[PDB]
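The structure under discussion appears below in the form of structure tokens.
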Amino acid sequence: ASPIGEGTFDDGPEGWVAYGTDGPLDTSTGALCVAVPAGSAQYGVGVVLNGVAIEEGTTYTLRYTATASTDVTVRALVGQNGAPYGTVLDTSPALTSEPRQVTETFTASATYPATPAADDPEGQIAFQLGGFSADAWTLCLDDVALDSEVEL
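Mapped onto mature numbering (1 follows the signal peptide of the UniProt record, and there is no 0), the consecutive letters of the sequence shown carry residue numbers 1 to 152.
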């Protein structure tokens with residue numbers, strides 16, 4: 001129904017938001033580069049993007065290429081915003097001074113409806129940058145696409 005702009009960020013980060021750092025995030029190039037503070041030592045830094053379309057135990061392919069000036073290894077995945085809650089992804093996005101593309105097929109065992117309401121929650125992506133690298137570093141993605149296996 002409503003993906004996250006199947007593609008990179010060559011014209012706006014769509015809905016990718018980041019918090020716990022300096023000002024908002026900057027793109028103007030085709031990659032979401034956020035300024036992560038030194039070893040993000042504090043409440044914890046992160047980035048959230050609400051607006052996903054998952055349902056029951058369906059298939060899905062997460063595609064994203066992140067690159068942090070440093071070799072930071074934070075955590076990335078997906079889940080539901082509001083009870084009964086339900087996470088489908090559980091991995092750690094490693095980063096380095098080089099481009100790190102990511103492509104995997106996981107079975108979303110939950111439901112992320114694209115309708116933020118008082119009783120009807122939804123689902124999004126979680127990028128936790130709270131306490132991960134040592135000195136100040138950053139994250140630069142540029143190709144986020146999510147879809148269910150509808151080929152057959």
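Yeah, the Cβ is synthetic: ideal placement off N, Cα and C, and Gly gets one too.
Exposed is the label assigned to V150, since fewer than 16 other Cβ atoms lie within 10 Å of its Cβ.
Scanning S148, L141 and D147 for the CA closest to the CA of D10 turns up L141.
Judged by DSSP secondary structure, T103 falls within the beta strand (DSSP E) whose first and last residues are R100 to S109.
Under DSSP, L89 takes part in a beta bridge, and its partners are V78.
Residues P113 of the same chain have their beta carbon placed closer than 7 angstroms to that of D120, with the five preceding and five following residues left out of the count.
The C-alpha of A134 is placed about 38 angstroms away from the C-alpha of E55. For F132 and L32, the gap between their C-alpha atoms comes out near 19 angstroms.
Under DSSP, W137 forms a beta bridge with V36. In the DSSP annotation of this structure, the continuous segment of the beta strand (DSSP E) that includes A126 starts and ends at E122 to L129. Between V47 and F127, the CB-CB gap stays under 7 angstroms.
Between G123 and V17, the CB-CB gap reaches or exceeds 7 angstroms.
Assigned with DSSP and collapsed to three states, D26 falls in strand. In this structure, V88 sits away from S69, with a CB-CB distance that is not shorter than 7 angstroms.
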